[PDB]
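Consider the single chain below, provided in C-alpha coordinates and representing the form deposited in one PDB entry.
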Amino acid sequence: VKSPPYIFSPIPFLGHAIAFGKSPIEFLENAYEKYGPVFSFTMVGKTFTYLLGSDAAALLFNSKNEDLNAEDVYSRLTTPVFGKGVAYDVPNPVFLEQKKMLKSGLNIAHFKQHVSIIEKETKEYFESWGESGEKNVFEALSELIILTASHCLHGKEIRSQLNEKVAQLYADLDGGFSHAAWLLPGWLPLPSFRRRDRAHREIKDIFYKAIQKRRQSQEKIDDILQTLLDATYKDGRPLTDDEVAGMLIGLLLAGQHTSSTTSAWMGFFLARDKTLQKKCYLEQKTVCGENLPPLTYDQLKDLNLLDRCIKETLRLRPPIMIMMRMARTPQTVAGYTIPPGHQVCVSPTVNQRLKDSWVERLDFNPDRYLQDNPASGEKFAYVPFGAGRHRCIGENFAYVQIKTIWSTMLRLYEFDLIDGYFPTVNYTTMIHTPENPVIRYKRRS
(Lines give C-alpha, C1' and ligand atoms only; values in the text may rest on other atoms or scores of the structure.)
Protein backbone atom coordinates (compact mmCIF):
# COMPACT_ATOMS: atom_id res chain seq x y z
CA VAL A 1 0.00 0.00 0.00
CA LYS A 2 1.50 3.25 -1.32
CA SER A 3 -0.24 6.51 -2.19
CA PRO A 4 0.41 8.61 -5.35
CA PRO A 5 3.42 10.89 -5.83
CA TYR A 6 2.49 14.17 -4.13
CA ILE A 7 3.50 17.50 -5.68
CA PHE A 8 4.52 19.71 -2.77
CA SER A 9 3.87 23.44 -3.00
CA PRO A 10 5.54 26.39 -1.17
CA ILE A 11 2.29 28.49 -0.94
CA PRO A 12 0.39 27.73 2.37
CA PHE A 13 -3.22 27.40 1.12
CA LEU A 14 -3.57 28.43 -2.54
CA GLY A 15 -1.07 25.71 -3.43
CA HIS A 16 -0.77 25.35 -7.17
CA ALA A 17 -3.91 27.43 -7.80
CA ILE A 18 -1.93 30.08 -9.68
CA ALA A 19 0.37 27.87 -11.77
CA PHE A 20 -2.47 25.48 -12.63
CA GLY A 21 -4.69 28.47 -13.40
CA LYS A 22 -2.16 29.90 -15.88
CA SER A 23 -1.89 26.83 -18.08
CA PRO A 24 -3.53 23.68 -16.68
CA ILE A 25 -2.36 21.73 -19.74
CA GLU A 26 1.25 22.88 -19.32
CA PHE A 27 1.01 22.12 -15.62
CA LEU A 28 -0.37 18.64 -16.17
CA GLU A 29 1.98 17.58 -18.98
CA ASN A 30 5.03 18.70 -16.97
CA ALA A 31 3.60 16.78 -14.04
CA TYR A 32 3.32 13.75 -16.32
CA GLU A 33 7.02 14.13 -17.20
CA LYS A 34 8.15 14.53 -13.60
CA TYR A 35 5.76 12.15 -11.82
CA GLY A 36 3.90 9.95 -14.30
CA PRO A 37 0.29 9.01 -15.00
CA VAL A 38 -0.79 9.24 -11.33
CA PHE A 39 -0.08 12.16 -9.00
CA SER A 40 -1.61 14.39 -6.35
CA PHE A 41 -1.46 18.10 -5.59
CA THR A 42 -3.39 20.62 -3.52
CA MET A 43 -5.18 23.76 -4.69
CA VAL A 44 -7.32 26.06 -2.51
CA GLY A 45 -7.16 23.61 0.41
CA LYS A 46 -8.36 20.77 -1.84
CA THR A 47 -6.39 17.66 -2.88
CA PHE A 48 -6.58 16.35 -6.43
CA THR A 49 -5.36 13.09 -7.88
CA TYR A 50 -4.94 13.07 -11.60
CA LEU A 51 -4.97 10.03 -13.86
CA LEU A 52 -3.27 10.57 -17.21
CA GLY A 53 -3.03 8.19 -20.14
CA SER A 54 -5.57 5.52 -21.11
CA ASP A 55 -4.50 2.97 -18.50
CA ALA A 56 -4.73 5.22 -15.42
CA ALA A 57 -7.89 6.94 -16.63
CA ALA A 58 -9.50 3.47 -16.76
CA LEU A 59 -9.97 3.72 -12.99
CA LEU A 60 -12.32 6.71 -13.34
CA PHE A 61 -14.23 5.46 -16.40
CA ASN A 62 -14.79 1.88 -15.21
CA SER A 63 -15.60 2.59 -11.55
CA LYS A 64 -19.00 2.49 -9.87
CA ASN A 65 -20.54 5.79 -8.67
CA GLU A 66 -20.55 4.58 -5.04
CA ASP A 67 -16.77 4.45 -5.34
CA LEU A 68 -16.07 7.52 -7.44
CA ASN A 69 -18.99 9.85 -6.95
CA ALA A 70 -20.09 12.47 -9.45
CA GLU A 71 -22.78 14.25 -7.35
CA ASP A 72 -20.37 14.98 -4.49
CA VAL A 73 -18.47 17.24 -6.88
CA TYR A 74 -20.86 18.47 -9.59
CA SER A 75 -23.94 19.05 -7.45
CA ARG A 76 -22.78 22.39 -5.97
CA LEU A 77 -22.93 24.01 -9.38
CA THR A 78 -25.58 21.95 -11.14
CA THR A 79 -28.64 21.84 -8.83
CA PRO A 80 -28.91 25.65 -8.48
CA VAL A 81 -28.80 25.86 -12.30
CA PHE A 82 -30.70 22.85 -13.68
CA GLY A 83 -33.06 22.35 -10.75
CA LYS A 84 -34.11 20.09 -7.90
CA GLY A 85 -34.77 16.41 -8.64
CA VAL A 86 -32.77 16.32 -11.87
CA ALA A 87 -29.20 15.45 -12.95
CA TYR A 88 -26.94 15.47 -9.86
CA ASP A 89 -29.74 16.07 -7.34
CA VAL A 90 -31.06 12.52 -7.45
CA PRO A 91 -29.40 9.18 -6.65
CA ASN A 92 -27.41 7.92 -9.64
CA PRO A 93 -29.83 5.03 -10.35
CA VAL A 94 -32.64 7.61 -10.68
CA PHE A 95 -30.38 9.67 -12.97
CA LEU A 96 -29.53 6.72 -15.22
CA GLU A 97 -33.28 6.65 -15.86
CA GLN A 98 -33.56 10.35 -16.74
CA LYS A 99 -30.70 9.73 -19.22
CA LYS A 100 -32.34 6.68 -20.83
CA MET A 101 -35.41 8.94 -21.44
CA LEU A 102 -33.49 11.84 -22.99
CA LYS A 103 -31.40 9.39 -25.01
CA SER A 104 -34.59 7.97 -26.52
CA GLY A 105 -35.45 11.51 -27.68
CA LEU A 106 -32.25 11.57 -29.76
CA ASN A 107 -33.11 9.11 -32.57
CA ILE A 108 -32.74 9.13 -36.39
CA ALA A 109 -36.35 10.27 -36.92
CA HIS A 110 -35.80 13.39 -34.85
CA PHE A 111 -32.34 14.06 -36.36
CA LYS A 112 -33.84 13.87 -39.85
CA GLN A 113 -36.25 16.65 -38.80
CA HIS A 114 -33.34 18.54 -37.22
CA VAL A 115 -31.09 18.75 -40.31
CA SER A 116 -33.34 21.06 -42.32
CA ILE A 117 -34.45 22.95 -39.18
CA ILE A 118 -30.79 23.69 -38.41
CA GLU A 119 -29.98 24.46 -42.06
CA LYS A 120 -32.73 27.13 -42.10
CA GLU A 121 -31.59 28.83 -38.88
CA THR A 122 -28.02 28.88 -40.19
CA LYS A 123 -28.93 30.38 -43.59
CA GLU A 124 -31.25 33.00 -42.02
CA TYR A 125 -28.92 33.97 -39.19
CA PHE A 126 -26.06 34.71 -41.60
CA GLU A 127 -28.23 36.94 -43.83
CA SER A 128 -26.83 39.83 -41.73
CA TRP A 129 -23.14 39.13 -42.48
CA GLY A 130 -23.45 40.05 -46.15
CA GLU A 131 -20.84 39.31 -48.79
CA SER A 132 -17.61 39.97 -46.86
CA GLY A 133 -16.05 41.34 -43.67
CA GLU A 134 -14.45 40.47 -40.34
CA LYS A 135 -16.72 39.41 -37.47
CA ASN A 136 -16.73 37.40 -34.27
CA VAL A 137 -17.48 33.75 -35.11
CA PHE A 138 -17.60 32.49 -31.52
CA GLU A 139 -20.14 35.19 -30.64
CA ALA A 140 -22.18 34.46 -33.76
CA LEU A 141 -21.98 30.69 -33.37
CA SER A 142 -23.15 30.64 -29.77
CA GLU A 143 -26.08 32.92 -30.69
CA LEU A 144 -27.02 30.60 -33.56
CA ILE A 145 -26.54 27.38 -31.60
CA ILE A 146 -28.80 28.77 -28.82
CA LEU A 147 -31.33 29.15 -31.66
CA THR A 148 -30.68 25.72 -33.28
CA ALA A 149 -30.40 23.74 -30.03
CA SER A 150 -33.66 25.41 -28.92
CA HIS A 151 -35.68 24.56 -32.06
CA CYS A 152 -34.47 20.97 -31.88
CA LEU A 153 -34.47 20.25 -28.14
CA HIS A 154 -37.27 22.54 -26.98
CA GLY A 155 -39.61 22.34 -29.98
CA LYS A 156 -41.27 25.07 -32.06
CA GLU A 157 -43.34 26.56 -29.24
CA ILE A 158 -40.40 27.43 -27.00
CA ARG A 159 -38.09 28.45 -29.86
CA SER A 160 -40.51 31.08 -31.07
CA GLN A 161 -40.11 32.88 -27.70
CA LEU A 162 -36.32 33.22 -27.82
CA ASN A 163 -35.64 36.95 -27.78
CA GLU A 164 -32.85 39.16 -26.40
CA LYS A 165 -34.33 39.08 -22.87
CA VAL A 166 -34.36 35.26 -22.77
CA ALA A 167 -30.82 35.05 -24.19
CA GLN A 168 -29.87 37.09 -21.13
CA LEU A 169 -31.71 34.72 -18.76
CA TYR A 170 -29.58 31.87 -20.13
CA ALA A 171 -26.44 34.01 -19.89
CA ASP A 172 -27.29 34.48 -16.18
CA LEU A 173 -27.38 30.67 -15.85
CA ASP A 174 -23.91 30.42 -17.50
CA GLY A 175 -22.60 32.46 -14.56
CA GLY A 176 -23.39 29.47 -12.35
CA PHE A 177 -20.50 27.32 -13.59
CA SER A 178 -17.80 29.47 -12.04
CA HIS A 179 -14.65 29.49 -9.95
CA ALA A 180 -16.49 30.97 -6.96
CA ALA A 181 -19.57 28.75 -7.06
CA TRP A 182 -17.40 25.66 -6.50
CA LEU A 183 -15.43 26.88 -3.46
CA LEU A 184 -17.58 29.38 -1.56
CA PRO A 185 -20.73 28.31 0.34
CA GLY A 186 -24.17 29.05 -1.16
CA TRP A 187 -24.94 31.74 1.44
CA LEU A 188 -22.37 34.38 0.37
CA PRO A 189 -24.44 36.68 -1.86
CA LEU A 190 -22.18 37.36 -4.87
CA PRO A 191 -23.99 39.10 -7.76
CA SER A 192 -23.82 35.93 -9.92
CA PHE A 193 -25.38 33.66 -7.24
CA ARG A 194 -28.38 36.06 -7.17
CA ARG A 195 -28.80 36.27 -10.99
CA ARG A 196 -28.30 32.51 -11.38
CA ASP A 197 -31.33 31.98 -9.13
CA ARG A 198 -33.44 34.79 -10.61
CA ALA A 199 -33.09 33.40 -14.14
CA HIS A 200 -33.79 29.85 -12.91
CA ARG A 201 -37.21 30.96 -11.61
CA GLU A 202 -37.90 33.12 -14.70
CA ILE A 203 -36.98 30.37 -17.15
CA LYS A 204 -38.73 27.53 -15.34
CA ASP A 205 -41.58 30.06 -15.41
CA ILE A 206 -41.45 30.09 -19.22
CA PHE A 207 -41.10 26.30 -19.44
CA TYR A 208 -43.99 25.84 -16.98
CA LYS A 209 -46.70 27.28 -19.26
CA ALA A 210 -45.07 26.27 -22.59
CA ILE A 211 -45.19 22.63 -21.40
CA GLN A 212 -48.97 22.82 -20.92
CA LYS A 213 -49.78 24.58 -24.15
CA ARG A 214 -48.51 21.24 -25.54
CA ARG A 215 -49.99 19.21 -22.70
CA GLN A 216 -53.24 20.32 -24.35
CA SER A 217 -53.32 20.79 -28.17
CA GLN A 218 -53.89 17.41 -29.86
CA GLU A 219 -51.65 18.42 -32.79
CA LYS A 220 -49.43 15.32 -32.96
CA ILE A 221 -45.85 16.59 -32.79
CA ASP A 222 -42.94 14.15 -32.66
CA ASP A 223 -39.97 15.95 -31.11
CA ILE A 224 -37.76 15.87 -28.02
CA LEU A 225 -40.22 17.73 -25.77
CA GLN A 226 -42.91 15.32 -26.82
CA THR A 227 -40.77 12.29 -25.92
CA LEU A 228 -40.20 13.68 -22.43
CA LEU A 229 -43.83 14.51 -21.74
CA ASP A 230 -44.80 10.96 -22.84
CA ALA A 231 -42.06 9.09 -20.99
CA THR A 232 -42.19 7.00 -17.85
CA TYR A 233 -40.02 5.46 -15.10
CA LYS A 234 -39.82 1.79 -14.12
CA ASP A 235 -42.28 3.05 -11.50
CA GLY A 236 -44.74 3.80 -14.25
CA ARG A 237 -44.69 7.31 -12.82
CA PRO A 238 -44.55 10.16 -15.36
CA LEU A 239 -42.24 13.20 -15.03
CA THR A 240 -43.64 16.11 -13.04
CA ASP A 241 -43.74 19.43 -14.91
CA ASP A 242 -40.82 20.33 -12.64
CA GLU A 243 -38.62 17.41 -13.68
CA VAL A 244 -39.43 18.10 -17.34
CA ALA A 245 -38.53 21.80 -17.12
CA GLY A 246 -35.42 20.73 -15.19
CA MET A 247 -34.02 18.55 -17.98
CA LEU A 248 -34.96 21.20 -20.55
CA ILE A 249 -32.39 23.44 -18.87
CA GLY A 250 -29.74 20.72 -18.96
CA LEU A 251 -30.49 20.07 -22.64
CA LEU A 252 -30.12 23.70 -23.68
CA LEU A 253 -26.86 24.43 -21.86
CA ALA A 254 -25.13 21.09 -22.46
CA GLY A 255 -26.13 21.13 -26.10
CA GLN A 256 -25.26 24.80 -26.59
CA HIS A 257 -21.82 25.60 -25.11
CA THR A 258 -20.15 22.33 -26.13
CA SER A 259 -21.10 22.82 -29.77
CA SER A 260 -20.41 26.54 -30.07
CA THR A 261 -16.83 26.30 -28.81
CA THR A 262 -16.16 23.26 -31.03
CA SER A 263 -17.71 24.86 -34.10
CA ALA A 264 -15.83 28.09 -33.36
CA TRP A 265 -12.54 26.26 -33.01
CA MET A 266 -12.98 24.26 -36.21
CA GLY A 267 -13.47 27.55 -38.03
CA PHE A 268 -9.92 28.57 -37.12
CA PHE A 269 -8.29 25.22 -37.77
CA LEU A 270 -10.01 25.37 -41.20
CA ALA A 271 -9.12 28.97 -41.96
CA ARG A 272 -5.52 28.16 -41.02
CA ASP A 273 -5.39 25.12 -43.28
CA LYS A 274 -6.78 26.52 -46.56
CA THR A 275 -6.30 23.40 -48.72
CA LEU A 276 -8.03 21.31 -46.01
CA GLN A 277 -10.85 23.87 -46.19
CA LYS A 278 -11.12 23.43 -49.98
CA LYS A 279 -11.14 19.63 -49.80
CA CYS A 280 -13.98 20.01 -47.29
CA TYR A 281 -15.90 22.14 -49.79
CA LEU A 282 -15.00 19.76 -52.64
CA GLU A 283 -16.29 16.83 -50.56
CA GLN A 284 -19.58 18.78 -50.31
CA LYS A 285 -20.12 18.82 -54.09
CA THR A 286 -18.91 15.21 -54.52
CA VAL A 287 -21.31 13.96 -51.85
CA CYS A 288 -24.18 16.35 -52.59
CA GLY A 289 -23.81 17.61 -56.19
CA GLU A 290 -23.05 20.91 -57.98
CA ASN A 291 -26.62 22.27 -57.64
CA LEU A 292 -26.10 21.87 -53.84
CA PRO A 293 -29.61 20.80 -52.73
CA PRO A 294 -30.77 21.30 -49.15
CA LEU A 295 -29.19 18.83 -46.71
CA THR A 296 -30.54 15.48 -45.51
CA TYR A 297 -29.49 13.15 -42.72
CA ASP A 298 -28.40 10.49 -45.25
CA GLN A 299 -25.76 12.70 -46.85
CA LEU A 300 -24.03 13.51 -43.57
CA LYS A 301 -22.69 9.97 -43.14
CA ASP A 302 -20.64 10.24 -46.33
CA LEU A 303 -18.97 13.50 -45.27
CA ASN A 304 -15.90 11.65 -44.04
CA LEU A 305 -13.31 14.43 -44.06
CA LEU A 306 -15.77 16.76 -42.35
CA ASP A 307 -16.33 14.03 -39.73
CA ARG A 308 -12.58 13.62 -39.13
CA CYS A 309 -12.19 17.42 -38.92
CA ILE A 310 -14.83 17.41 -36.17
CA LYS A 311 -13.12 14.38 -34.58
CA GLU A 312 -9.86 16.38 -34.80
CA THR A 313 -11.28 19.63 -33.39
CA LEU A 314 -12.65 17.62 -30.41
CA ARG A 315 -9.28 15.95 -30.08
CA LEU A 316 -7.41 19.26 -29.59
CA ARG A 317 -10.22 21.38 -28.15
CA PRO A 318 -12.49 19.15 -26.09
CA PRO A 319 -15.28 21.37 -24.64
CA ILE A 320 -15.23 19.27 -21.50
CA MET A 321 -11.68 19.85 -20.55
CA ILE A 322 -11.72 17.92 -17.28
CA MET A 323 -13.91 15.32 -15.56
CA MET A 324 -14.01 14.79 -11.84
CA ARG A 325 -15.31 12.49 -9.08
CA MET A 326 -15.05 12.27 -5.30
CA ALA A 327 -13.31 9.19 -3.94
CA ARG A 328 -15.92 7.79 -1.54
CA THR A 329 -13.75 4.69 -0.92
CA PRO A 330 -10.09 3.70 -1.51
CA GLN A 331 -9.20 3.01 -5.14
CA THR A 332 -6.17 1.43 -6.80
CA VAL A 333 -4.29 2.24 -9.98
CA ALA A 334 -0.61 1.78 -10.97
CA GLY A 335 -0.11 0.24 -7.49
CA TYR A 336 -1.14 3.45 -5.76
CA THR A 337 -4.09 3.68 -3.36
CA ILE A 338 -6.08 6.90 -3.66
CA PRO A 339 -7.39 7.75 -0.18
CA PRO A 340 -11.09 8.52 0.41
CA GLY A 341 -11.30 12.30 0.23
CA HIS A 342 -9.23 13.13 -2.87
CA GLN A 343 -11.05 14.51 -5.87
CA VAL A 344 -10.05 12.25 -8.77
CA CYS A 345 -9.74 13.82 -12.23
CA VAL A 346 -9.09 12.94 -15.83
CA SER A 347 -8.35 15.38 -18.64
CA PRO A 348 -9.44 14.45 -22.11
CA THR A 349 -7.25 17.36 -23.31
CA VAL A 350 -4.04 15.92 -21.84
CA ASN A 351 -4.86 12.33 -22.82
CA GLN A 352 -5.63 13.28 -26.42
CA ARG A 353 -2.34 14.99 -27.13
CA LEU A 354 -0.08 13.03 -24.77
CA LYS A 355 3.46 12.58 -26.18
CA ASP A 356 3.72 8.76 -25.69
CA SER A 357 0.89 8.02 -28.10
CA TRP A 358 -0.12 10.96 -30.23
CA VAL A 359 2.42 11.39 -33.04
CA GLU A 360 2.60 15.07 -34.18
CA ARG A 361 0.41 15.86 -31.20
CA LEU A 362 -0.14 19.58 -31.68
CA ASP A 363 -0.81 19.18 -35.45
CA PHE A 364 -4.37 19.56 -36.72
CA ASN A 365 -4.37 16.48 -38.94
CA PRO A 366 -7.70 14.68 -39.61
CA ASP A 367 -5.80 12.14 -41.71
CA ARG A 368 -4.25 10.72 -38.55
CA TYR A 369 -7.28 8.43 -38.15
CA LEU A 370 -6.66 6.91 -41.59
CA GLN A 371 -3.62 5.31 -39.91
CA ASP A 372 -2.58 3.79 -36.63
CA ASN A 373 -3.72 5.97 -33.73
CA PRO A 374 -4.43 5.60 -29.99
CA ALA A 375 -8.13 6.46 -30.62
CA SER A 376 -8.42 2.88 -31.86
CA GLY A 377 -5.25 1.30 -30.49
CA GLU A 378 -6.26 2.17 -26.91
CA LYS A 379 -9.35 2.25 -24.76
CA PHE A 380 -9.17 5.74 -23.21
CA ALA A 381 -6.69 7.96 -25.06
CA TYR A 382 -9.39 9.56 -27.17
CA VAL A 383 -12.36 10.37 -24.86
CA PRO A 384 -14.09 13.65 -25.73
CA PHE A 385 -17.48 12.24 -24.72
CA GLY A 386 -16.17 10.23 -21.78
CA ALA A 387 -16.82 6.55 -21.11
CA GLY A 388 -18.53 4.20 -18.63
CA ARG A 389 -21.52 4.99 -16.45
CA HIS A 390 -21.29 8.81 -16.93
CA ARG A 391 -20.93 8.55 -20.74
CA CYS A 392 -22.30 11.43 -22.86
CA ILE A 393 -25.59 10.92 -24.71
CA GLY A 394 -25.42 13.86 -27.12
CA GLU A 395 -22.63 12.70 -29.45
CA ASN A 396 -25.00 11.68 -32.29
CA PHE A 397 -26.83 15.01 -31.99
CA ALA A 398 -23.69 17.07 -31.46
CA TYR A 399 -22.27 15.70 -34.68
CA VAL A 400 -25.55 16.43 -36.48
CA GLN A 401 -25.59 20.04 -35.33
CA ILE A 402 -21.90 20.73 -36.01
CA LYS A 403 -21.98 18.87 -39.36
CA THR A 404 -25.05 20.69 -40.73
CA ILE A 405 -23.89 24.13 -39.58
CA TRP A 406 -20.36 23.80 -40.97
CA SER A 407 -21.69 22.27 -44.19
CA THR A 408 -24.05 25.23 -44.59
CA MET A 409 -21.22 27.61 -43.62
CA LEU A 410 -18.68 26.21 -46.07
CA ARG A 411 -21.45 26.64 -48.64
CA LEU A 412 -21.98 30.29 -47.71
CA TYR A 413 -18.42 31.59 -47.25
CA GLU A 414 -14.70 31.08 -47.49
CA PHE A 415 -12.87 31.79 -44.22
CA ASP A 416 -9.42 33.24 -43.51
CA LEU A 417 -7.32 34.22 -40.47
CA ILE A 418 -6.92 37.94 -39.79
CA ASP A 419 -3.26 38.74 -40.54
CA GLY A 420 -2.59 35.04 -39.92
CA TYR A 421 -3.54 35.21 -36.25
CA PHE A 422 -4.71 31.90 -34.77
CA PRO A 423 -6.62 32.44 -31.45
CA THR A 424 -4.94 31.30 -28.23
CA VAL A 425 -6.72 29.59 -25.34
CA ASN A 426 -8.29 31.48 -22.44
CA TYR A 427 -8.78 29.79 -19.04
CA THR A 428 -10.50 32.68 -17.14
CA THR A 429 -13.74 30.67 -17.46
CA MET A 430 -14.24 26.86 -17.38
CA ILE A 431 -15.41 27.43 -20.94
CA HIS A 432 -12.20 26.75 -22.96
CA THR A 433 -12.69 30.04 -24.94
CA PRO A 434 -10.55 31.27 -27.90
CA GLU A 435 -8.80 34.69 -27.64
CA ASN A 436 -10.21 37.34 -29.99
CA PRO A 437 -12.27 35.01 -32.23
CA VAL A 438 -12.79 37.46 -35.08
CA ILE A 439 -12.62 35.90 -38.56
CA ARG A 440 -12.36 37.10 -42.19
CA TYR A 441 -15.04 35.83 -44.55
CA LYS A 442 -15.83 36.35 -48.26
CA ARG A 443 -18.67 34.95 -50.39
CA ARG A 444 -18.04 31.44 -51.74
CA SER A 445 -17.60 31.28 -55.54
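In this text, residue numbers run from 1 along the sequence as written. Only the largest set of C-alpha atoms that superpose within 1.5 Å between the two forms is called the rigid core.
Below: the form deposited in another entry, not depicted.
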Legend entry - Flagged residue of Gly155, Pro80, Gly105, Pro366 - C-alpha shift reaching 2 Å or more between the shown form and the other one, core superposed: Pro80
Inset, instruction - Taking the rigid core as the superposition reference, indicate whether the CA of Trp129 shifts 2 angstroms or more between the shown form and the other one. - result: no
Inset, instruction - Establish whether a shift of 2 Å or more occurs at the C-alpha of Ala181 between the shown form and the other one, with the two forms superposed on the rigid core. - result: yes
Legend entry - Yes/no, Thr296 Cα shift of 2 Å or more between the shown form and the other one with rigid core fixed: no
Legend entry - Note on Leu184-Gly15 C-alpha separation in that other deposited form, which departs from the shown form by 3 angstroms or more: closer
Legend entry - Direction of C-alpha distance change in that other deposited form, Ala181 to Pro318 (at least 3 Å): closer
